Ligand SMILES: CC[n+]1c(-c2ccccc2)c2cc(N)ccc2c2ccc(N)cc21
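Single chain ahead, written as C-alpha cells, the form solved without ethidium.
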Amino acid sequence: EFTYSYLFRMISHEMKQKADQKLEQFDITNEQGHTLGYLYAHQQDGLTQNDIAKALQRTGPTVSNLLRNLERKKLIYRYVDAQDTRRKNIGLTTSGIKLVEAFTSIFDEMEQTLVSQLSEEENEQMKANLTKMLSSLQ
C-alpha cells in the first residue's frame, strides 16, 4: 500500500538492475540492449537517429550518446546517408545481430516471470491500466 512514485520508481530501477547483471556477460547495459533490440525489429525502415530518439522517448543528445557507445563496440553502423550529409542511418552489424539474438532471451524471461505473477485477466487490465497512466504523463 504505497505511493505510485515509489512503486514505479522501485520496480523500474530493479528491472534496470536485474537486467544489468544478466547482460554483463555481453558487456552491454539494459538501455543498450533495448536499443540494439529495437534496431533488430525496425531497421528495415532505413532508420535515423531522430527516429530512434522518438521511439525510445529520449532526447537527441541522449540518443547520440548511446549510439556512439554502441558504434565504439562496432555493434552498429552509421553510413552517412547520401541525400543528406547530416543524416547518419543506423543498422546492426553481424556482431550486433549476433549479440541481439543472444541476449534477447534475458528480456523475454523477465517479462514472462512478471506476467507469470498474474492471471491473463489481470495482465490485460493491469497492462491496459499502465498504458492509460503512461499516456496521462506523456
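Residues that one form lacks are left out of the comparison. Numbering starts at 1 and runs along the sequence shown. The term rigid core refers to the most C-alpha atoms you can superpose between the two forms while keeping them within 1.5 Å.
We do not show the form solved in complex with ethidium, though everything after this point is about it.
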Given ethidium superposed in from its position in the bound PDB entry using nearby C-alphas, should this pocket be scored open or blocked (3 or more ligand atoms within 2.4 Å of backbone or C-beta)?
blocked
Counting only non-hydrogen atoms, which stretch in 109-117, 24-32, 53-61, 68-76 is within 4.5 Å of ethidium in the bound PDB entry?
24-32
Taking the shortest heavy atom distance, is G37 within 4.5 Å of ethidium in the bound PDB entry?
yes
Pairwise C-alpha change, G60 versus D84, in the bound PDB entry against this form - closer or farther, 3 angstroms or more:
farther
Can you tell whether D81 sits closer to or farther from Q44 in the bound PDB entry than it does here, judged by CA atoms, where the change is 3 Å or more?
closer
Once the rigid core is fitted, tell me which blocks of three or more consecutive residues have Cα atoms all displaced by 2 Å or more between this form and the one not shown.
1-24, 79-88, 104-138
